[PDB]
């Protein structure tokens, strides 16, 4: 059985095949679209406070299967089990947060028009097709599904083909919570099935979290079909350390930022850009700290890293490492595939990385840190912006004025000053350039898939 006919799960820690699922056929797609249309037709007529209570029911149902869900995430894509538990906890908390704060964000807006003639209303658009990746099989889905559904939309999930066990368990959680199947639904569609759905009148808009190549392929189809899209396409985030930085905190945040989820994070710290005076001190401490990370069986809580999720992607990452070394970089740690049946790649550090090199210009979606030396803060900003990507960034410096000035000139959607980069319900998430466009979380994720409707009475 090959991906020509089936979605396939393999445990990356052992190489064992776990499950197969054939692609949806024509009747499957038509049935999914009929369900979603009928579900949205009814859901859009519910009251906002009823939907807020249903979000709480989702959170309860998810917590009641928290360990079942975490084990499935770890089994299918290799995440350390405590990181999978944290992903569940964050996803369930998102349900409660939007239940509490979401309704107010959807209230009608007053305008400056006289006599209170005109208000802005947030109406639902319809069924939103969501194309999602494997690195956070639960959180990526919930990050969009929770606000999208609270706004009165429907959500139709096309999950990554290596995590359909996760997809089926998520569907069970929504069923446990009483969400209609025509409001949260899912389909094991192949790429042609996605193309067919984008063209169908029962899909109102599209959201994509994935590679740059996937976003360009889907975004072109959404545009041709006159469907709005949001694209979140990963990153090559710079992590800038200046001479006056809190060095020990910078190293802690650098290691956490690069090696979380075995490096497989869109907003991971990927390009370390260090002012020349502090570069030796940072580099030696970073290598020693990265070397302290244990790697192995992700069911063993002693391990900070598991295997990488996909065997072919470990091969690609190692090729990127070899090309960067051939171009002139120095290997300071790791940098070889581990022998054995599991898909393991050790924490790896490359130094003397210049902007011409593979590890500076491509997304390194695994546990490989690139370290580049900057002449001064202006050079560091130039190096940080010298990227096709633009998702987020970190700056470590005790000069808070300078940090604020650099943040204003960084070409990315998030800037973390002297701390740990992360997504959070309370703030906007999303980038610029080839990292995509559109924003998720806070009120942005609620409004992206609304029909923002002016209602104006007595304009005479």
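Residue numbers count along the first chain shown, from 1.
- Query: According to the deposited model, is the average Cα temperature factor higher in 388 to 396 or in 44 to 52?
  - Reply: Of 44 to 52 and 388 to 396, the stretch with the higher C-alpha B-factor average is 44 to 52.
- Query: Averaged over C-alpha atoms, is the B-factor higher for 261 to 269 or for 339 to 347 in this PDB entry?
  - Reply: Comparing 261 to 269 with 339 to 347, the higher average CA B-factor belongs to 339 to 347.
- Taking the Cα B-factors listed in the entry, which of 329, 373, 132, 142 comes out highest? Among 329, 373, 132, 142, the PDB entry lists the largest C-alpha B-factor for 329.
- Between 238, 366, 178, 223, let me know which has the highest C-alpha B-factor in the entry? By C-alpha B-factor in the record, 178 ranks first.
- Of the three thirds of its chain by CA temperature factor, lowest, middle or highest, which one includes residue 219? Answer is middle: the recorded C-alpha B-factor places it there.
- Chain thirds of CA B-factor: placement of residue 423: Lowest third.
- Would you mind ranking residue 15 by its C-alpha B-factor against the rest of the chain and naming the third, lowest, middle or highest? Residue 15: CA B-factor falls in the highest third of its chain.
- Among all modelled residues of this chain, ranked by Cα B factor, put residue 432 in the bottom, middle or top third, i.e. lowest, middle or highest. Bottom third by C-alpha B-factor.
- Position of residue 127 among the chain's modelled residues by C-alpha B-factor, lowest, middle or highest third: According to the entry, residue 127 has a C-alpha B-factor in the chain's lowest third.
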